[PDB]
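Please read the structure below before turning to the comments.
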Amino acid sequence: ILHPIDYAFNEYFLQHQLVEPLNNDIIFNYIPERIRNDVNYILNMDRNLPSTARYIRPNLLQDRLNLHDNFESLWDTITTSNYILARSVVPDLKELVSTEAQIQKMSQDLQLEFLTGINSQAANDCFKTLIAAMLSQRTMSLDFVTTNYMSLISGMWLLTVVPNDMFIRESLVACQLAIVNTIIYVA
Amino acid sequence: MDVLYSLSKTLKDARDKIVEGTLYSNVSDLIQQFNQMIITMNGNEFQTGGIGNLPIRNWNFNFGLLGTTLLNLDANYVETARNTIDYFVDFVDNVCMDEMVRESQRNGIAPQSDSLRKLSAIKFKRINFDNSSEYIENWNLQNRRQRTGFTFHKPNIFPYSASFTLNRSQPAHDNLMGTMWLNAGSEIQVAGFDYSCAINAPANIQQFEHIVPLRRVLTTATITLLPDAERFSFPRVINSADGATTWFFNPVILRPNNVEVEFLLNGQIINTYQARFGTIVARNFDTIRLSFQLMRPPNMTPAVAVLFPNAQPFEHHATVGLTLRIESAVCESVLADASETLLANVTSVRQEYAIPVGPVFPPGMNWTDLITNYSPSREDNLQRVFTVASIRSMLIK
Amino acid sequence: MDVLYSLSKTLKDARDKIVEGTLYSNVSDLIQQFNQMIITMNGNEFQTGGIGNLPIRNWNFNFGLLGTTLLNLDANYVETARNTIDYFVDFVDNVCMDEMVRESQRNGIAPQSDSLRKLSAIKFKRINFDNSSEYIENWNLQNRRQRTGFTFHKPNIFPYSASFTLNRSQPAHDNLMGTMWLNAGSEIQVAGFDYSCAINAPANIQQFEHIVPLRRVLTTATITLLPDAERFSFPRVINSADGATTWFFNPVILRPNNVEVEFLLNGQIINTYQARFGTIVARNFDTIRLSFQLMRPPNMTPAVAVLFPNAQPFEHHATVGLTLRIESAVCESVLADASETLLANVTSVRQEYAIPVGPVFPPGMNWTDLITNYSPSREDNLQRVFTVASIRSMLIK
Amino acid sequence: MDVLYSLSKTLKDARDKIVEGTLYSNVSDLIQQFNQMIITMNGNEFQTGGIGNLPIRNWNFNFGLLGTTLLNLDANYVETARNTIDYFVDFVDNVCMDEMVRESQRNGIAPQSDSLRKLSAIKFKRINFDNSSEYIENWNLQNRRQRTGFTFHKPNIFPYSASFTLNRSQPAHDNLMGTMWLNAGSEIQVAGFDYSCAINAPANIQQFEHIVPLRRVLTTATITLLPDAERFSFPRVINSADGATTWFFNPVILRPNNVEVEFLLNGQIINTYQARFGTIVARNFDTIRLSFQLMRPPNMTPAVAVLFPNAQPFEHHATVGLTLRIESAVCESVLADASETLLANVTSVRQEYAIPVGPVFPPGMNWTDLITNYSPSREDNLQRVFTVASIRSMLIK
Amino acid sequence: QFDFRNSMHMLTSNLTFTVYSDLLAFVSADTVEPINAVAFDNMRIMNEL
Amino acid sequence: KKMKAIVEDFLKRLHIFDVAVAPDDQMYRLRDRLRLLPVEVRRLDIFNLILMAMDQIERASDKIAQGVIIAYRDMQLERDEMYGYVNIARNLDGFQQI
Ligand SMILES: [Zn+2]
C-alpha cells in the first residue's frame, strides 16, 4: 500500500537494479586479456559460482572531461599519483652483481688518477623509476654531471631503450649534446 | 498552428510508440513530451464548432500524467495512455475541422477558430516538440521569412480550359486555320490545324503559337514533351465561337515542324528547347510558350497528294500537335497535385458539414476557379487550411 | 506481426544509425533495443521454408551483446554490429517470404508460417518497439476494430473490363446505339454512340448511363473528369457480342450534353457534379454513375449536315465520351496502387519459388480477379501478405 | 558524402526541433550532435565554387557550443542557434552545388570538389549521426558492395524513340506492312499495321514482334498492359524511311490476336503473359518482347467486307496495337522518374551557373542521350550527383 | 483522498541472491618458476644463464 | 547556486587532489566541461520523477500556501469538507499575478 509517488519511486528501484548475474565466464573476461594469454601465469577457476550470484560491474567509461587537454595542474597531479602506485607495484631486483667487485673493476678500467652513487639501492630505484614513469606517463628529467662520461655512457643505453618523448625536451637535448660533444664527435 | 501541429504529432507518436512490451527507453522522451502537453493543457477550457452543421463542443482537460518507472510497458500502461490519447485526438480533430471550415478575407494566414486563437497564446508555447513535416516546416520557414518550397507530382497549375481560336474563318467553316487546346491539371495539349495544308501560305509553312501563363512560378520542373496531340486527332463536330452553328474537323496528323518550347520568367526566356522531345527540365518559369509549324510535305506519294488539293473542297485537314506534361515541380505556394489528399480533405469536411460559402473561396472549393483567380488572400487561406488538413490527417484516417 | 515489424525496424535503425564515428548518445536507445532483441532471440531455433521451391533453412540464435562503454563508436563496433545485422536481416527476409507464400481460407489474419506463429508467443513481445509505419498502424487498428485508412495514388480499384452494350442493334450492325467502356486501374473511359445521331429520338436527345460499382468504399478522392474518351474516337472493327461476326465503328465526336457524374454510397447520392470538368472531390462513395446525352446539333453547317442523313446509311456515327481518373484516394481496405510495390513483391516471391495455387488467391495473383471478387477472406489474406511485404521491403529491395 | 549528409541531417533536425518552448529533453541528443559538429568544424577553412558562374565562396567556422542548461527553450536559445544554422546551411548548399556541377571520366564515384575531399578526411568522421535517407543508404550499400535498390514511380528507362519498320513496302506506299512504335519514359506504344489486312498471309494471320531492351535490369515492376495503341490509331502523313517523300496511314483498329508479353533476363523468359491485359507483374527482367497478330476476321458484316477488299486500292489499313506502362519498378542503378526531382535539381544548377560541357554527361544533362548511352562512368557520376542533390534537397526547397 | 484500490500494488523481486565485490578472489593464479619465464617472443626473458 | 562548490566536491571525492591548490581558470574550465555532459540514465530518471511530482508534493505540504488573492471585494467563503468555511482559492484566474 503506497501513494502513487512512493510507488513510482519503489517501482523504479525494483525495475532498475544494478546487479547482474555473475559466472566464471564473466570473471575470466574480467581478468585482463594480456595476462590471460601470457604463459608465465597459470589461472584456474577453482571456485563454483551458484546461479544466484550477482555483481555490480564497474563503470569504466573513458574519461569524459579530457583532463589531458588544457588541465595542466590536474594532469600533473594525476600522473604523479599513478607514478606512485606504479612504483609501489614494480618488483625488486634480485641477486645483483657484487657492488664492491663491480666498483673495483670500474675503478681499475677508468684509471682515475665518478664511482659515486653506484649501488643496489640506486639500481632498484632506477628500475622502478623507469617502469613507473612509463606506466604513468610522468615526464622524467635527467640529472647528470657532464664530467661523468661514465654517466653519459649509461645514458646512451637509457636513450636507446626508453622512448625519447618520456623526457622533458630540455633534459633530452642536454643529455644528447653532452654525449655527442664529449664522446661521439670528439671520437 | 505550431502548437496544434505539436499536439497532433505528440498524439501520433504516442499511438505509434506506446505499445505493449516496448522498452521504456524507447519512449522516455515521448512520455516527457506527453506529460508536458498534459500539464500545459490542464485547467484550460476550449470550444469548437458552431458554423454550419458542425456541433458546438466543449473541451476540458483534467488528466493525470503517465508513469515513467517501468522497464517495459505492459497492457495496463497502454490502456491508461490510450484513454487520454482518445480524448486528445478528438479535441485535435474538432479543432482542425473548425479551422478548416473557416476563412477570412483579411489576414487569412492567421488563426480563425477561437480554439486556435487560444492556442496561439504564450502559455501554450511549451508544446512545440517537433516541426518536421513538409507543410509545418514550410509554415515555419515562411514565418521566418526564408525560401519555402512544396514538391508536387502532377501539380494542378493549369486552370481547366478547352477552347479553340480561328485565325482564318468563314461562315461555312469549310476552310479554317487556327489552334485548339486543352489545358487541364498538369497537361497542355495543343493542335494547330489548317484545312488547306498551307497551299497558299508563304513557303508553305503555317505558324502556330500557344501561350500558357501560370498563376505561380514553378521551379525545377521535370516535363514530358511529345510531338502529337492525341486529343485532337479524330473527327469532331464542334460548336461555333458564338454557339450559332456547328463545324466539322476531320484531322489528318502531320509531324510538327520547327517545334520550340520556351519557359519564361518575368517575360524573359529561361529555358528553350528546339526539336527535342522526351524529358526536359525547366528550372524557373511562369509562362510556357509553344511554337510549331505545319509544313506542307514538299514530296508526296499519290495517296498523300490526293488528300490536299489546291481548290476549296478540303475533306482532310492538316493538323500538328504537341503534348506537354509537368511530371514534377517545386512551387513556393501551395497547389493541388495528384499525390496529396489535402484538397480532398478540406473539400470533404466543408461538404460534409455544409459550410455556407464564405467571402474567399469559390463554391465547393472549386479548384478550377481557385487556380484561375489565385489571389493573395486565397493563397493565404489555402495554405492555412492545407496545413491544418495535414495536421489532422496525421491522426485521422 | 508486430514483433516481425519490430525486428525489421530495429535492424533498419541499426543499419542506418550504427556508423563509425557517430556519438554514442545518438544510438544509446537503439543499442538498448538491439541488445534486448539479441537477448530475447538468443537460444531459439526457427525453421523457414519448405513450401514450393523455397529452401528449408534453420536459424539458431546465439549472439553476444553490443558494447555500451564508448563515446564515439569506431570500426570495431560497426563490424561487430554488422556481422549480427546481416544474420538478423536474412532471418527476417526468410520469415517474410514464408509468410507471403502462404494463405488460409479460415483465419487469413492469423499468422501462417510457423516462424511467425512462434514469434506470436508472449516471450518475444518485449521486442515490440515502435509501430510507426502506415501498414503496421493499420494492422494494429484493424486488430482493435478501429477505423483504417490507406492513402493511394490512383488506386487500382476497377477490375479490368473492356466491353460494349448495344441498346439498339440488328444483324447488319449498321444502325447501332449503345455504349463502349474501358475500366482499368483508376481510369473509367466511357463513350455512348448512336449511328442515327438521335434523328428519330424524342427531343433529338439520346441518353446514356454508366454505373461502375467499386468493391470498396473510397473516401476523400480527387478525380479528374474530362469530356472526351480518346480511346473510342478512332475507327474500329469489333467482334460481335457472340463472336459470330464483326461490325464497323466509324465515330465522329460531339461534346457530351447534360453531363452528370454522381458518387453514391449505398444508393444515396453523396456527391454530384453537373456539367463540370477538371478536378473534383468525392468525399465518400462506393458507386459512380455517369449520365450523359448525345444531343443532335440543332444547327449545322453544310459540312456537318452532310454527315447525318435522314435515311438509313450512316457512314459516320455520333459519339460522346467521358474520361474519369481517380488521381488519389483513401480506402479502408488494402489495394494496389501505382506508387507502392507490395503486390509486385508478393507476386514476385510466389512466382520465383513456384508456390502452388492455394484456395484463396487466384492463380498468379491476378489482380483483376482478386479485385473483381474481393471476398472478406481474400481481404484478410491480402492485408496480411501486404503488411508482411512492406515489413520485408523495409530491409530488402 | 556521408559526412556531408550528416551535416545536412543535423541542420534539418536543428531547424525542425530547436523551436521556442520545446522541452530540452526533446533536443538533448540533437544538441550533443550539433556541438560535436561545431567542435569538428571549428578552425577549418573551406573554399567552394570557381566553376562556371558559380561564385567563389570562403567559409570559416568559429562558433560557440549551444547551451545544455535549460528546461524549456526560450527565445534566446533559438536566436543563438539560428545564426549558426543559417551559416551551416549556406555552407552545405554551396558544397552540394559545387559537387553537383563537377564530373570525372575516371573515378566518377569519388568526391570531386575540394570541400568534399576535405570532408572525406578522418578528422571529420566524428559527425555521422544517421544515414536514414534512401539515397545515402544505397550509397553506403554500394560502397560495401551489398545490393542496392531504388524504387521509382514511372521510371524513365526507355530513351525517347519514335520509329517504324516496314517489312513489306513499295515506292508508292500503297501496300505497306510492318510495325510503328513510340518508346518514351515509362511507356511503350507499338502498333502493327497491314494494308492488305492479311488477305494473302498464311492462315489469314500477320505476325508482329517488338523488342525493347532496357539499359538496366528492372525488378518487381508493376506493369499496365492495354490492347490498343491510341497514339497510332488516327490518320497520319509520315515521312518515308529515307525522308525523300511522304506516305499515308489510315488505320482501322482490330483487337490484337494471340498477344504474348515476355519479360526476359539474359535471354531467358522470366515472365510470360498470354492474352492478359491490365495490371501484371514482372519480377526481374532486362528485355520486353511484345508479340501480337492481326487476324483477318473470319466473318464480316457488309460494312467491314467493304473496308477489306482483295485488290490494291486499300483505303482502310488494318492495325493492331499494344500499350505498356511501367507504373512502378525497382532498379539497382539510379534513374530519373516522375515523382522525384534530383535530375531537375542537377540540371537546374548546371543551367543556372552555366557549367561548361564536361567529359561525362551530355550537354544540358539530356536524359535521352544519357540513358541511351548509360556507361559505367555515367552511372557512377550520376549516382554521385543524385546523392548530393538529395543531401541538398534536405535543406533547400 | 486515500483510495485503497489506487494505493494497493503488487511489488515483485527476486527471492534471494548474493552480491560479490572482489571478482578476482575466485581466480587462483600461480606463476611459473622465474628462471624459465618467457617473454612475448616465447624465449626466456633472461637468457644469459 | 555556485557550481564551484560542486566542482570542489567532485575534486575532493576524487581523493588525489588538494582542491585548495587547483588554479581558478582550471576550476571554471572543469565546470564548463561538466555542464556539457549528458546526465546518467538512473539519476536523470529519478530527477524526472522528482520534477514531475514536486508540484504535487509542495501542494500537499501543510505549512505553506501557493499565494494570496486580495480582490478587494466581498467574496463568499467557500464550504469545504476539510473545514466548514475557508478563503480557499483553487486557481488564480481573473487576477493579475505578481
Ligand atoms: Zn503518377
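The analysis underlying the following values was restricted to heavy atoms, covering all of them including side chains, and did not include hydrogens, waters or symmetry mates. In what follows, chains carry the letters A, B, and so on, assigned in the order in which the sequence lines appear, proteins first and then strands, with residues in each chain numbered from 1.
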*Is it true that atom CD of C/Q274 has more than 12 heavy atoms of other residues, nucleotides or ligands lying nearer than 6.0 Å?*
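Atom CD in C/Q274 is crowded, with more than 12 foreign heavy atoms closer than 6.0 Å.
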*Just wondering, are more than 12 heavy atoms of other shown residues or ligands nearer than 6.0 Å to CZ in B/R236?*
yes
Proximal component of [X], with respect to chain B [non-hydrogen, under 4.5 Å]:
| X | result |
| --- | --- |
| C/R276 | side chain |
| C/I223 | neither |
| C/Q36 | side chain |
| C/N284 | neither |
| C/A318 | neither |
| C/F308 | side chain |
| C/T319 | neither |
| C/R144 | side chain |
| C/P251 | backbone |
| C/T224 | neither |

What is the minimum heavy-atom distance between [X] and [Y], and which atoms define it?
| X | Y | answer |
| --- | --- | --- |
| C/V304 | B/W247 | CG2-C, 3.5 Å |
| B/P235 | C/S233 | CD-O, 4.3 Å |
| B/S25 | C/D29 | O-CG, 3.5 Å |
| B/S348 | C/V281 | N-CG1, 4.4 Å |

Nearest-0.5 Å distance, [atom1] of residue [X] to [atom2] of residue [Y]:
| X | Y | atom1 | atom2 | answer |
| --- | --- | --- | --- | --- |
| C/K125 | B/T22 | NZ | OG1 | 11.0 Å |
| B/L23 | C/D130 | CG | CG | 11.5 Å |
| C/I280 | B/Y160 | CD1 | OH | 11.5 Å |
| C/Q32 | B/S28 | CD | OG | 11.5 Å |

_Minimum side-chain heavy-atom gap C/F277-B/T368 below 4.5 Å_ = no
*Do C/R283 and B/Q351 come within less than 4.5 Å of each other through their side chains, counting heavy atoms only?*
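The answer is yes; the side chains approach within 4.5 Å.
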*Does a side chain donor of either C/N138 or B/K397 reach within less than 3.5 Å of an acceptor in the other side chain?*
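Indeed, the side chains of C/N138 and B/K397 share at least one donor-acceptor pair under 3.5 Å.
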_Does either side chain, that of C/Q33 or that of B/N26, offer a donor lying less than 3.5 Å from an acceptor on the other one?_
yes
Interface residue of largest heavy-atom contact number with chain C, from [options], under 4.5 Å:
| options | result |
| --- | --- |
| B/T347, B/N72, B/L30, B/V349 | B/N72 |
| B/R231, B/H153, B/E352 | B/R231 |
| B/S339, B/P159, B/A338 | B/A338 |
| B/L343, B/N366, B/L182, B/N156 | B/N366 |

Using a cut-off of under 4.5 Å for heavy-atom pairs, which of [options] has the most such pairs with chain B?
| options | answer |
| --- | --- |
| C/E332, C/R147, C/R255 | C/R147 |
| C/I127, C/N131, C/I270 | C/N131 |
| C/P298, C/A221, C/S132 | C/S132 |
| C/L141, C/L226, C/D228 | C/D228 |

Where on [X] is there a heavy atom nearer than 4.5 Å to chain C: the side chain, the backbone, both, or neither?
| X | value |
| --- | --- |
| B/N250 | neither |
| B/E315 | neither |
| B/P171 | backbone |
| B/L73 | neither |
| B/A162 | neither |
| B/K154 | neither |
| B/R82 | side chain |
| B/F248 | both |

Is there a donor-acceptor contact under 3.5 Å from the side chain of [X] to the main chain of [Y]?
| X | Y | answer |
| --- | --- | --- |
| B/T246 | C/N299 | yes |
| B/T245 | C/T301 | yes |
| C/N128 | B/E20 | yes |

